[PDB]
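Proteins get letters first, then strands, A, B, ... in listed order; numbering begins at 1 in each. Computation of the quantities below employed the complete heavy-atom set of this structure, encompassing side-chain atoms and omitting hydrogens, waters and symmetry-equivalent molecules.
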Amino acid sequence: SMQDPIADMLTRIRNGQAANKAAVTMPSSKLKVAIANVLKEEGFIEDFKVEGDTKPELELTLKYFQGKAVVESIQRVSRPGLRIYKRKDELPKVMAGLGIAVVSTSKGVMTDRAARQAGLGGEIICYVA
Amino acid sequence: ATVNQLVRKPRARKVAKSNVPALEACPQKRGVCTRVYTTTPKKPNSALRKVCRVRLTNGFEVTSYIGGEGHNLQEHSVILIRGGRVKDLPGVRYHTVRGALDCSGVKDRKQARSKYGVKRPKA
Amino acid sequence: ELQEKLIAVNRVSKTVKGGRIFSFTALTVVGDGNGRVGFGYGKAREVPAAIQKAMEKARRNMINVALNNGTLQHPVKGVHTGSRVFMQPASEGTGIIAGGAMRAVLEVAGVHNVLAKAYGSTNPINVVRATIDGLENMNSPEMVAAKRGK
Amino acid sequence: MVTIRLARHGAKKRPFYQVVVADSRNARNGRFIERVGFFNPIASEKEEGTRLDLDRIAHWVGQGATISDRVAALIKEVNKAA
Amino acid sequence: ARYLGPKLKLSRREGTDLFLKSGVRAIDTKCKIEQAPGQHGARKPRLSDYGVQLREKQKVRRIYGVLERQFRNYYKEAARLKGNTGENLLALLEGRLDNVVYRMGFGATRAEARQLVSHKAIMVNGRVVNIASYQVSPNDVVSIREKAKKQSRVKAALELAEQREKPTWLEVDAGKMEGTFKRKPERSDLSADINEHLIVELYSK
Amino acid sequence: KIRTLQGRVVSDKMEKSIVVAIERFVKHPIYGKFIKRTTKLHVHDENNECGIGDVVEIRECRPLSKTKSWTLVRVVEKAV
RNA sequence: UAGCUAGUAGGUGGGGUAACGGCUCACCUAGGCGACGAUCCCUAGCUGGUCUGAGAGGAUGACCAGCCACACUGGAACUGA
RNA sequence: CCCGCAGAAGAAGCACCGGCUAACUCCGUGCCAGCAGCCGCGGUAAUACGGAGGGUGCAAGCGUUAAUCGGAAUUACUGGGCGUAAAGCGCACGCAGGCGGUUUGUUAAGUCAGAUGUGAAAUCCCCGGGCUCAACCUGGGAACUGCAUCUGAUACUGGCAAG
């Protein structure tokens, strides 16, 4: 948003999930698209799609097992005000491995399992669960 | 509570003062026992409590409780005091040690003897 | 089989037109040691009737816990009316390291390896609600895999 | 001056010695440069009364480190046992 | 310091039988079991959450005859070992030389076993050990010294020992009176009703 | 080439010497925030080749005076 | 405790030192430090460690080891590696 | 250290027992004497005070005092709050400071990775070894979660450039 557009996107996701909304939209960034890739390849959302050229818009599609949203929590971790960086041996297990941490590694934005595999840490973007 | 607010002036951990100041972290102190009297406690309890006004070797003048069932202290005797207040009138937080110096173990005491300075009866 | 155990009982009163009359409330937890627990809260003019009314309240309102092996799936948080509890799984041979109503709920529910603490007000009615709430929101790998992946 | 001497450790009446390379002005078992083995005097069938690791002693003697008499006796013993 | 008081009154507070008065007379015919041991014995013994943890810890101590300082140290070591702390603790208690001499028959009660151990009349691997808390390991050889193989009490203790169940984890010979600690007994073959989790809860706070 | 701290001039009024502040971005020990810390540092330039705001490399040398043990290496940004 | 500082900050020469150096001196320049806490006041030997704590932390710095500083108080040197 | 010598022979205490807190009865006393960490107890019983008998706990110790951390999420980094419980400045504007939409490029400061050097020994921890066992001693290891340097990465933050 005004200062933290990535907590904006997570706030939109969890607000739209608690509102039982089918799809949320927000102004796109390339890192918004990166985290969206991580989520939709982890099965936390259905899909996304960025439309627009001068004003792209990221179209996340939320996902409900029945009447309950797939995401319970999604919390911003590193924010402007605390940046969080972890070495690969101290990357966080989110809900005992049942939920992901999306980290920003120097080989891109990946999940936490992927990062501790590839032996490189980085900036902890959020906890999804 | 903001991280800048805490970086700029960190959290001050409150310091709690001792409620036995005159000891000064010594477990006991020696006092001079200027006067003995029998003061009256708070409104719920009705009794006269044996108390002495004692001047410690460190300059503190302070009020001590002569506990136990009996008494021998006088107007100059040299005694030893230890912490612990009594629900008596405000200002009593020291507790004379019976049997330690000029104080004596209470008489014909046979339970909790070590707390009154009375030695084991030969039986 | 259902394990039973009383948590607490006190002696609430009520000022009547003349003097003041009395009652009793009892808080009980019921479970089977296989991940089902429920609590109950009965009031009566006398303690035994309060305890029984509590026990029937508790034998309905049974939930399902998705235990792992005598411990928890993952660390879990619970709140209810200013009563925050934290449970996490432990290793085998670690007991129920838990407090008051925490211990009783974790016991009758079939947990043996927990590491628990309660933070806010430790009023038993609220800590037991907080604990039951935390337990019922716990996810096991089966349903999390079902709801998102494989 | 650098001497290879014994630093007395262990317990009372059960001496254990560290063979230590040290500046000779330090206290016996005070500041040292290097540990080069140990000596256990009260070990009779008890195994390994002396380990020296003599390459480092050789290195330090080649630099003008003197030996104490007890360490020298210990070196003879280790060499003979070999 | 041991405990030198009346043996049965210690068992009656614990309720269950403790094997610390052993022989022919088969207690409850010895003396009045199952009343807690005092003027209010008949009074109801219903007791709190901390009272049952305390009661069993007390019972385990009274069986082996270990005081609270050593028992606390046993718990510390058991809780430091790898594995569950309760069976760690029972195994430490059962590897005690006091106990092993008792369980090998020679030695009537664990206090007579301790009387033997203390009195320079047991050899572990061919040399005299007189520490009761000495730990026996798998494959020691506990044996009565020759000077004490003619003792009548050890011979008498042997007979009233096969009526007692013989532990699997250790193997003993009565002719040449001598035994062998084979393995650390498992929780299962420790034939008892010890609920070690209340003990580990007792010291866990 | 030994360490070559890389900083920015802040005063050029001592003759033959400048003062050079170095910014480091360190993590706060307890709060975990990344803060900015400054290190002002009297440096020696023989030729008065530096002006305020310039961005300069320095290296460490023998002590040239009281509180002057760094010497100028280069000017990387002759900012005016 | 909000300003502090005239070998004060720098520079050239002398000198001095085992050695670099305002270390010292003569001249020159007029700086330097400070709100990222100067200055001033108060307290305090420092560390490995210790205790406590699930931890993060708190509290400590007895013994042992390492470093500092002191030797009635204040000055000063000599001798000497 | 081993051996012999008699002989149970030379060798138990201290706290507590209303609730918290394991363990209760009788006498005495009568808001006195006293107790007390808190709640509180004592005006004819009073399982709470003194004695007893009994019991509980610990044991060559046991209690008390002091003191530190804990419990205390009761300064909350992890890990708290500010409508009314304590707490939004009376209100703005605003410098420092903190934070900063989007896309390229670059750099490589943060960050991450690898390496290397260092992180004394002792201590702590693991596996052993010696003391009859233990404490204690000791071997090897791990750890020292740090600091620096070099090589690399470039998502993100910073820089620089261009939008």
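- Not a single donor-acceptor pair under 3.5 Å links the side chain of B:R98 to the backbone N or O of B:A100.
- H:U56 and H:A15 make up a base pair, with Watson-Crick or G-U wobble contacts both under 3.5 Å.
- Residue-level contact check: B:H95 touches neither bases nor backbone, having no heavy atom under 4.0 Å from any strand.
- Base pairing of H:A122 is not made with any nucleotide, judged by Watson-Crick or G-U wobble geometry with both donor-acceptor distances under 3.5 Å.
- Exactly one of A:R76, A:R83, A:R79 qualifies for a salt bridge (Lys or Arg N to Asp or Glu O under 4.0 Å) with A:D4. That residue is A:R76.
- Within 4.0 Å (heavy atoms only), B:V86 reaches at least one base atom of the nucleic acid.
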Could you list all N or O pairs between the protein and nucleotides 19-30 of chain H that sit under 3.5 Å apart?
unit_1, atom_1, unit_2, atom_2, d
H:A22, OP1, E:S48, OG, 3.2
H:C24, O4', E:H40, ND1, 3.3
H:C24, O3', E:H40, NE2, 3.1
H:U25, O5', E:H40, NE2, 3.2
H:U25, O4', E:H40, NE2, 3.1

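- Summarising the geometry, atom CG belonging to A:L31 is positioned 5.5 Å from atom CD1 belonging to A:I125; distances are rounded to the nearest 0.5 Å.
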Can you check nucleotides 161-163 of chain H for protein contacts, nitrogen or oxygen pairs under 3.5 Å, and list what you find?
none

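- More than 12 heavy atoms of other residues, nucleotides or ligands sit less than 6.0 Å from atom CD of F:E23.
- For the strand RNA chain G, secondary-structure stems (runs of at least three Watson-Crick or G-U pairs, all distances below 3.5 Å) span G:3-5 with G:31-33, G:8-15 with G:23-30, G:45-48 with G:64-67, G:49-52 with G:57-60.
- If you check every strand for non-hydrogen atoms under 4.0 Å, E:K9 touches sugar and phosphate atoms only.
- In this structure, the nucleotide among H:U75, H:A153, H:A12 sitting nearest to the side chain of A:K107 is H:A153.
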